[PDB]
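# Overview (structure and organization)
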Number of protein chains: 2
Amino acid sequence: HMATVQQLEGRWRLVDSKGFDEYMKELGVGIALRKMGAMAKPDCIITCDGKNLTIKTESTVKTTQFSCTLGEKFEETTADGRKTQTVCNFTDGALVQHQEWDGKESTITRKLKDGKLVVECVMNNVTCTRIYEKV
Amino acid sequence: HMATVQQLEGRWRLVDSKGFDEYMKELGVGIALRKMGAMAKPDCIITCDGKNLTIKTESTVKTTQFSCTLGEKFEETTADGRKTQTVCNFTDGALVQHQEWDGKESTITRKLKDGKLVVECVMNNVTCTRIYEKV
Ligand SMILES: CCCCCCCCCCCCCCCCCCCC(=O)NCCO
Ligand SMILES: CCCCCCCCCCCCCCCCCCCC(=O)NCCO
Ligand SMILES: [Cl-]
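Residues numbered from 1 in each chain as written, not as in the entry; some residues may be left out. Chains lettered and ligands numbered in written order. Heavy atoms only, no water.

## Side note on the environment of B:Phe90
We apply this condition: To qualify as a helix, a DSSP run of H or I must reach at least 4 residues; to qualify as a strand, a run of E must reach at least 2; elements of each kind are numbered from the N terminus. Only heavy atoms enter the contact rule, under which two residues are in contact if any of them lie within 4.5 Å.
Inspection of the secondary structure assignment puts B:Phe90 in strand β6 (residues 83–91). Each C-alpha atom of the pair B:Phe90 and B:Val135 lies 22 Å from the other, and the pair is 45 residues apart in sequence. Setting aside its immediate chain neighbours within four residues, B:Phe90 contacts A:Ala3, A:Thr4, A:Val5, A:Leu8, B:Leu70 and B:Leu95.

Given below as structure tokens:
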């Protein structure tokens, strides 16, 4: 020191955190988003062009949704933070996943349609389709 | 020959989506975490040892936290959903970021210690420290 601002530029990778959960709580961050925040190894990117300063974050969130035996009911912990009663079946060429929690209910279907992974979700009256391509 | 489960095995990467925001909404997902759910482009990883099925997820989220000139107030949109009045000063070798919203405030000070980046976040009485290494 004294450090210039050019000394802070580049990519920085998280290696230690303390009290972050508490910090998010004091901002008013909800539990689900909080757990997401703490499971992410964010990269911080800083650049400074004279007085002009930019800060970017880049976090990958590698996560196991669930492991299960087909046909065996289990307790799922979801990304949004529900504790559901889930059973998966491979039925008629499709991978069905049925979620029960709080008396509510959702089904998620996964089929192969023209080499693409068509994913279909259903709750009450609300549906949703996602297409994936193989890597 | 209709689909096998082993036909669904591998890395699948999102390319299209209808109604996913509404779906998250019906499940009870909060506004802030919805926004992220739509901003992410997950990879879906599916493995199936006969009857043992695991679905993994993996999504990278690049987001420019903010962009400013030092000493000069701007409106910041934070990851957890706040809109803050923010200013960033570089003072005595340290990057200081100060946030004001709803008569509340927070300071995020960015320092260099032993080549490492040491980021302290403070709201009222709550202190969070995160360390980073250069890549
Ligand atoms: C790297 C922290 C961002 C967290 C990664 C994504 C988290 C998803 C939701 C997070 C909700 C909490 C938002 C409060 C912002 C905290 C940024 C200060 C810590 C930091 O190292 N900020 C980077 C500046 O050096
Ligand atoms: C898939 C979304 C993850 C995106 C990563 C960040 C998400 C932020 C919050 C997400 C909470 C939403 C939870 C509801 C999950 C619904 C499964 C969607 C179908 C799918 O493609 N599921 C993948 C397996 O086939
Ligand atoms: Cl959508």
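## What to know about the sheet that holds strand β8 (residues 104–113) of chain B
Definition in use: The rule for pairing is simple: two strands pair if DSSP sees at least two bridges between them. Only the stretch in contact is used when a helix axis is fitted, and all axes are lines through C-alpha atoms; the angle between N-to-C directions ranges over 0 to 180 degrees.
Reading across from one edge, β4(B)-β3(A)-β2(A)-β1(A)-β10(B)-β9(B)-β8(B)-β7(B)-β6(B)-β5(B) is the order of the 10 strands in this open sheet, with antiparallel pairing throughout. Of all the strands in the sheet, the pair left with one neighbour each is β4 (60–69) and β5 (74–77) of chain B. Strand-to-strand, the axes of this sheet are offset by a mean angle of 30°, without reference to chain direction. Where strand β7 (residues 94–101) of chain B lies against β8(B), seven bridges are found, and the strand directions are antiparallel. In the strand pairing of β8(B), B:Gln99 is matched with B:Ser106. Most of the contacts of helix α1 (residues 20–27) of chain A go to strand β10 (residues 126–134) of chain B, to which it runs at about 125°, and overall it touches β1 (10–18) of chain A together with β7, β8, β9 (116–123) and β10 of chain B.

## Considerations on the nonpolar core
Condition: Buried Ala, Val, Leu, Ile, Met, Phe, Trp, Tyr and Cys residues that are joined via side-chain atoms within 4.5 Å together make up what is termed a nonpolar core. For each residue, the accessible area found with a 1.4 Å probe, counting protein chains only, is set against the maximum for its type, and the residue is called buried under 20%, exposed over 50%, and partly exposed in between.
Residues A:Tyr23, A:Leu53, B:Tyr23 and B:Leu53 are the most contacted members of the largest nonpolar core, which totals 61 residues. When residues no more than four places from it in sequence are discounted, the contact partners of B:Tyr23 are A:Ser106, A:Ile108, A:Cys121, A:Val122, A:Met123, A:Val126 and A:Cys128.

## Overview of the relation of the copies chain A and chain B
Quick reminder of the rule: For the superposition of copies, the fit is least squares and the atoms are the C-alpha atoms.
Superposing chain A onto chain B requires a rotation of 180° together with a translation of 0.1 Å along the rotation axis, leaving an RMSD of 0.7 Å. The transformation just described matches what one would write down for a two-fold rotation axis. Among all residues of chain A, the minimum C-alpha distance to the rotation axis is found for A:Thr60, at 1.8 Å. When the interface residues of chain A are mapped onto chain B, 98% of them are again interface residues, pointing to one common binding face.

## Focus on the site of ligand 2
In plain terms, the rule: One heavy atom within 4 Å of a molecule or strand makes the whole residue count as near it. Definition of a polar contact: a pair of N or O atoms within 3.5 Å, with one able to donate and the other able to accept a hydrogen when the atoms are protein atoms, and with sequence-neighbouring residues admitted only if both atoms are side-chain atoms. The residue classification treats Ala, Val, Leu, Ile, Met, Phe, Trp, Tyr, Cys and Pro as nonpolar and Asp, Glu, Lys and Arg as charged. All others, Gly included, are polar.
With respect to spatial proximity, 15 residues lie near ligand 2, and among them A:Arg110, A:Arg130, A:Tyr132, B:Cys44 and B:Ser59 are the closest. This site is not confined to one chain, since residues near ligand 2 come from chains A and B. In this structure, A:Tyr132 approaches ligand 2 through a side-chain N or O atom, which is 2.4 Å from an oxygen atom. Of all elements in the fold, only β9 (116–123) and β10 (126–134) of chain A together with α1 (20–27) and α2 (31–39) of chain B reach the threshold of two or more residues within the shell around ligand 2. Considering only residue class, the shell around ligand 2 consists of 10 nonpolar, two polar and three charged.

## Quick notes on the interface of chain A and chain B
What counts is decided by this rule: The buried area of a pairing is the accessible area, by a 1.4 Å probe, that goes missing from both parts when the two are put together, added over both. Criterion for a salt bridge: a side-chain nitrogen of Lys or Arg within 4 Å of a carboxyl oxygen of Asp or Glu.
Contacts between the two partners involve 81 residues from chain A and, on the opposite side, 80 residues from chain B. On the chain A side of the contact with chain B, A:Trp12, A:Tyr23 and A:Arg130 bury the most area, a combined 10% of that side's loss. Counting the contacts that link chain A with chain B gives zero salt bridges. Per-class residue counts for the side of chain A that touches chain B are 39 nonpolar, 22 polar and 20 charged. Pairing of β1(A) with β10(B), which is carried by six bridges, proceeds in the antiparallel orientation. Pairing of A:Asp16 across the sheet is with B:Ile131, part of β10(B).

## Concerning the site of ligand 1
Applicable threshold: The method behind every accessible area is Shrake-Rupley, applied with a 1.4 Å probe, and residues are considered shielded solely by the protein chains displayed.
Close contacts around ligand 1 come from 14 residues, with A:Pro42, A:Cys44, B:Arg110, B:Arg130 and B:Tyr132 the closest. The local environment of ligand 1 is shared, drawing residues from chains A and B. Contact between ligand 1 and B:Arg110: an oxygen atom at 2.6 Å from a side-chain N or O atom of the residue. Here B:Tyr132 contributes a side-chain N or O atom positioned 2.5 Å from an oxygen atom of ligand 1. Burial of ligand 1 by the surrounding chains reaches 92%, relative to a free accessible area of 600 Å².

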